[PDB]
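Peer 1: this one's a deposited entry, sequence included:
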Amino acid sequence: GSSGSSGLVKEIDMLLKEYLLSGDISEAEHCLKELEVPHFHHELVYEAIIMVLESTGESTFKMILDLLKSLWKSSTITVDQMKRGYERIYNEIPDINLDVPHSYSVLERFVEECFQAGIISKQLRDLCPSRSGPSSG
């Protein structure tokens, strides 16, 4: 097969992987910029969200949450570059709802915090998928 340097989209992933293994937004920040690939930003955000839905434990939820936040405020990610990430998910959530049922919920929770942080728009906050079911007290 391919030993290494097979796909580019992978570059983004790896970065996030190390960010979670190390736990330092600063590091990721540099790594990203070091990739000199701005056109490959919309993907990053998309992957991050997938990490929280795919992975279990408030851990990823937090780290990832802050990751996107900081990076954004760090004039690294533009509104759009961020909006795209969410959209793809809201539309690609169907395939994720297969293995990840809570996905819908987990996503709503993650997106919520983001909105408050002031990184996304009301369009995204709402766009997020919402299915009535367990929601009960």
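Peer 2: Everything's here; your move. Residues are numbered from 1 along each chain as shown.
Peer 1: which other residues reach stretch 20-27?
Peer 2: With contact meaning C-beta atoms under 8 Å, 6 or more residues apart in numbering, stretch 20-27 is reached by 18-19, 51, 60, 63-64, 66-67, 70-71. For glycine as for every other residue, the C-beta is placed from the backbone atoms N, C-alpha and C.
Peer 1: please list only the buried members of these.
Peer 2: Those of these that meet the buried threshold are 19, 51, 60, 63-64, 67, 70-71, by 16 or more other C-beta atoms under 10 Å.
Peer 1: closest to residue 29 out of those?
Peer 2: Among these, residue 71 lies closest to residue 29 (C-beta to C-beta), at 6.1 Å.
Peer 1: so the closest residue to that closest one other than its chain neighbours: helix, strand or coil?
Peer 2: Excluding its sequence neighbours, the residue lying closest to residue 71 (C-beta to C-beta, 6 or more residues apart in numbering) is residue 77, at 5.3 Å. Assigned with DSSP: H, G, I helix; E, B strand; the rest coil, residue 77 falls in the coil class.
Peer 1: wait, residue 77 touches residue 40, no?
Peer 2: No. Contact criterion C-beta atoms under 8 Å: residue 77 and residue 40 do not qualify, at 11.5 Å.
Peer 1: tell me which of these two has more neighbours.
Peer 2: More crowded of residue 77 and residue 40, by other C-beta atoms under 10 Å: residue 77, with 22 against 15.
Peer 1: on that earlier part again, let me see the contact set for the residue nearest to residue 71.
Peer 2: 41, 44-45, 68, 71.
Peer 1: farthest pair in those?
Peer 2: So, these by C-beta to C-beta: farthest apart are 41 and 68, at 10.6 Å.
Peer 1: higher neighbour count, the two?
Peer 2: Legend: neighbour count by other C-beta under 10 Å for residue 41 and residue 68, higher for residue 68 (25 against 21).
Peer 1: in what helix or strand does the more buried one lie?
Peer 2: Element membership for residue 68, per DSSP states H and E: helix 58-73.
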